[PDB]
């Protein structure tokens, strides 16, 4: 039948895999968030309308490049396309805006006085790295400028230097005052403004740099929903981002990007400090060996699933769709497995920023996730998530787990949750139900930030507050009931779970109800 329900009845994990049927169609709801980097190929209002229609939940902005005017006009265009669907609130999908910091990046200068010129580094040859600012935009075959000024101090006399996402490889032979005479291990095309990695080195670059201070202030002023904080090495790095944002940026969610060996090693203190994690696989696959990245991924995702906090899988997930209309079989498997592992969000970088087919890659990540959400062995997963803290005195958690148990028993169309801050709907998300969570809120920052969790369909209720509180509760319940009928989540006479509380204000969610859809 549907939803891989025959696979859900399996006694063993191997039999769950064995009963995975390609002729079993999934339900209409897609639970995992899609984050998209917005760049040259997708920043128009026209394209951003079609990204939302294809299934974009979060707009990421990469502050590695671009000025503050470029990002403000992108933010303006996101909101122009988002509020174009706001006239009917039953069909309005909330879209988050995400800032991704530059962080402690080492980067190259301009090849031949150009941004698009390319020299050809052939294998075994010498190359002089320099810090001399005369050679800043005069980068040649023989010379190379970079921006980390303490680079001669922190490298060894047999260190390896990786340029352009790990593709060019170097080895330090002679160490100079401002210079570093290298020898090319893996050659290839060296272009302009490429990221440099030093995987052996204790790089003494700032936690929150000069550019990052300016960028985070801009995030507060433009009213972003989340910060994707680059190169988080410890818990005091997360606290410094929390303190830089301060009072005005207290509701902005900090997502620590684990990009390096020290972030993997000191993960638990980072996770306890952060609001969520990005498994930032690009920089991680250069810093640690590339064969160890899946171990790091499934650790990070699994511990975030255990701790109940958001996790985003990232980098190169549909990489060939920059140039092609359809992905490779690796790329389809990767998106599937990341959703299977328990990533609350999946991300697109160059596919949506500068790709020739950015709408197809959003659609492809929608179609793969929804199939993989049906492919989850919920029987084992819910039984293992229940055993973590199986006694607690908090009354709201008991209602959250009891709702999820109820949703499996009737195989429900939805779990409708009223929430102010997100927290009641966030509690339902942690137990991983099959049913889509419909989070009803009047707080629009709660609506945008609720995309960070698996399961949650946030709905922004634009209705005025009715004079009686009990009638105001039922109005918000009927709103979600209208949403799922409009989206094809459920029809009339289907069963849904409705979560409410006993009084107004946050923290009082104690009422679970099993209602038919009118």
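Residue numbers count along the first chain shown, from 1.
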Considering only other entries where residues before and after it are modelled, is residue 420 without coordinates in at least a third? no
Does residue 266 have no coordinates in at least a third of the other PDB entries examined? no
Tell me which of 325 to 333 and 111 to 119 has the higher mean C-alpha B-factor in the deposited entry. 111 to 119
Highest mean C-alpha temperature factor of the two stretches 67 to 75 and 152 to 160, which is it? 152 to 160
Entry record, C-alpha B-factors for 189, 427, 380, 320; the maximum is at 189
Could you check 165, 344, 384, 291 and tell me which one carries the biggest Cα B-factor in the deposited entry? 165
Assert third(CA B-factor, residue 31) within chain per record equals middle
Lowest, middle or highest third - CA B-factor, residue 54: middle
Where the record places residue 431 (Cα B-factor, split into thirds across the chain): lowest
Please rank the C-alpha B-factors of the chain's modelled residues and tell me whether residue 470 sits in the lowest, middle or highest third. highest
Just say lowest, middle or highest third for the CA B-factor of residue 145 relative to the other modelled residues in its chain. highest
